[PDB]
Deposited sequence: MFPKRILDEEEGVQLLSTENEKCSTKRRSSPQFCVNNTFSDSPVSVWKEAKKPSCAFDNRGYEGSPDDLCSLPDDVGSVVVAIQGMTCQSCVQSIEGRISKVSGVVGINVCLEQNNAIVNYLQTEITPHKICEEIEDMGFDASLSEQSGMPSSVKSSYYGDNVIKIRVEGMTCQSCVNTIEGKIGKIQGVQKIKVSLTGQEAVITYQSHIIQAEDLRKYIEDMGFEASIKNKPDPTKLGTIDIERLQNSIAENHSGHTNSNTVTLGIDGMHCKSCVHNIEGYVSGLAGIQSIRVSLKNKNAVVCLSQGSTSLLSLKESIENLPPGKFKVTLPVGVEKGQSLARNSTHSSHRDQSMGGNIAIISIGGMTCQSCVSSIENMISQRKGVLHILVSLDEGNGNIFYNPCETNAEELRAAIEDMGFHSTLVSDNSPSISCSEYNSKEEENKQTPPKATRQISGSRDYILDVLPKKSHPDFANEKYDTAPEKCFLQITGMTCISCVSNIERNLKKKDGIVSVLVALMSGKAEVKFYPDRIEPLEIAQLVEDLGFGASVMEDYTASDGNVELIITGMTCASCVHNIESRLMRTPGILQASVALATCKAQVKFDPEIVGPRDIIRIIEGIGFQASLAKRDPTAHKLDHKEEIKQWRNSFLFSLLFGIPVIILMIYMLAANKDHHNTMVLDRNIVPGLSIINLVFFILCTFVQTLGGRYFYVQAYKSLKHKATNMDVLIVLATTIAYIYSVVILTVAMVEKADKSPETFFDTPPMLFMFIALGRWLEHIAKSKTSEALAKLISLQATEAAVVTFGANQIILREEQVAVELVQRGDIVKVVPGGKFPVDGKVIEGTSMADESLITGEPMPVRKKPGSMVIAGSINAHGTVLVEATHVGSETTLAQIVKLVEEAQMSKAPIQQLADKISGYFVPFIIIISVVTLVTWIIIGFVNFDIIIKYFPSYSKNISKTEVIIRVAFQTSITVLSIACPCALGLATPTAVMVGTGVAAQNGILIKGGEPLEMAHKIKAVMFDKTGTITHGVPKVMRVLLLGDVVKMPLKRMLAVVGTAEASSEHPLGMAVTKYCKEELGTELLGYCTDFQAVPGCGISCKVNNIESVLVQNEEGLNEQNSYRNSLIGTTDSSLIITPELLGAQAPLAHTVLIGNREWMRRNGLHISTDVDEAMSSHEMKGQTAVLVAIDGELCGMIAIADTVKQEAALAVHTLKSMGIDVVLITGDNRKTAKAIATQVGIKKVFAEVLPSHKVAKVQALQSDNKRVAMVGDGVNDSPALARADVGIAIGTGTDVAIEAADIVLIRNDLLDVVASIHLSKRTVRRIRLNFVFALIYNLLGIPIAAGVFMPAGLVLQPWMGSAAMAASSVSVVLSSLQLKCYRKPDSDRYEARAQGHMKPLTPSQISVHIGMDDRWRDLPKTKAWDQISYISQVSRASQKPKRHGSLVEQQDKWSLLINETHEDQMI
């Protein structure tokens, strides 16, 4: 009992592996008990130290074929009625008195209690029972960004449309508007000042805080650009108005109060649209939590002659060492060993396939599995976080948190732009000061400011500052923000129209970078439902008659292969109605015997035996060499096969297997032609995976891959610097989908897989994945083009604003500033909208492009990898 040791085990891929390890270790003398988990690869062994040593245990585990290495409970409760300190003190004293409890404290302010103890000796149930006996009850314990950007945009609009309208009205012709309340100001100037001040105070607040955050990050983005430009323009306008007032100037100076409202308007709109597009809801965690069983039926004493009472207890409160009865159709509450129970379990959560798995005494079960075929009793071994489903939840959380935001190309452009605009503005200022100082005739000729009585130096300085600030205002791109959001929304709409649901804007901008794609085998590449592939005849009755007789015999069978056979027979036959007279008898996993005396019904449209080789061997029916070879070939192909005999005579054989999707081969070929790697990762048997890869022409095959191993492969491929797209439709694929750079979920897949994936194929056609790439390409290029439209119109303005074309007679006009934004925004919006004309490439185009290049692959060329370390053949 004492000196229990901890071990780390690697190379283990099956629950049967865990059962074998536990059985072998317990068989050896000295070892008292052994515990191990599947995905965690952690084990705990209790043994007598004086008989065996941890090194011997590690050597024994290694001999089993799994690498072994030697390496080195808190409960929170709320208790009602904790209104007195005496009760808390008494509870604490009673807790310390009981053995196995290390510490226990209770807070009177919030009635919360924390207890630290050894799980092997004490559990939450004991503490709860003690508290109840004492006399008290105890029980165990982005939109903001959108809202703020929307508020900024709305304020900027409300207080910027009026000023823009006033500017347009002035541009069209207005005498009263130029009238001066005081010698310096004018009505228009005062209204502009008030409106710009209101917009800056209200609309720009979030701009200012975001810019401050960006500077704290040692980076300059669009927010910093807008804040700098608008603040400079507003400060200069206020300063010139103030000096005009002080000097009682006859004419009010030109002001740039127009610019800040305009830029705030459009940039806030762009940011708001970007945040709307980026928003997504991930509920995979909620679905996984829903998978786990809510409660368990704890059984006191044992399953042996003494069975005193049963209780219903929350799975959270369940502790190791308690026998729990799971009824048919009920979820397995905790991982454990089956005792005195035999049934079937669905392990699609881990292994991923729908084939039921037998459970017998000495076997192991996984939490969250669906039981059937009868009741079972389970002795718990892992509970709570230690459960496999909890480990999958942890992996999904880690994958989701690992993902980092992708920097917007707008921010990257602004990072260069801000120094560029600063440099050009300073250059314009200094060169104009120099020109004014050296000659001063150019200033007289090209500006009326010389008419002012101020000194020449003041004239040149004011002209240089005005020109520099005009250049600064013109340089700012108003449509920069909208370029990416508009294209992202249009691409998402196009994808939705074409049958692809894209959550967020990241997949559209990332799919083009994909160079490696991993495909799940079941569902994703092949239809999940098993289907009959080939029927052979082993005195010479028609095949259809035998098929009808089997379907009548197999009508009541609940085996998935049974329903597959029955549906195949019904499809082959008229299947107007099944025979009324039929007697059925089934032995679990052995064979089925039926009596059918309604062959007349089949003819209008006397015994049946369905079994495997073992059934024939025990019944005494010999197996011919040719049929044996055929069955061996079918087993090599990985497809299941069963035999039908009538009146004790072998009659026929039926084979059932999954059917590869029609477009799987074409999709794989297209991906390979485009230069993208294709990998088949699955949890099924190696033979079936190899056969499916041969059919779909995938060179790299991974078999018996646990959910954690899929994430490990994703991480390795990403560490190779490649971008990975994971296509899955099961729970085991959800952590890989979350971790993968791109996650594609088949429309018919599980809810968790759909939630985790960023792209969902509503049409459940594999070729859409290729389209999901092509469309993404058509998007990204467009975005780049939009950015050109966002800058070119403003950029061409900069030479004019700086006076480059002034001697030619071209000078900046007030209408040019507004025209630049109008043209840029219109061009960006129209370019983004043009993506709606995108047409999905036809499947016929794919087939023609691969009409001759496509070729079947030999089975030998394909290499199958079993597990992460590939220890097994």
Revision key, fill the gap. Not represented among the modelled residues are deposited positions 1-482, 555-560, 630-639, 672-677, 1043-1045, 1113-1149, 1418-1467
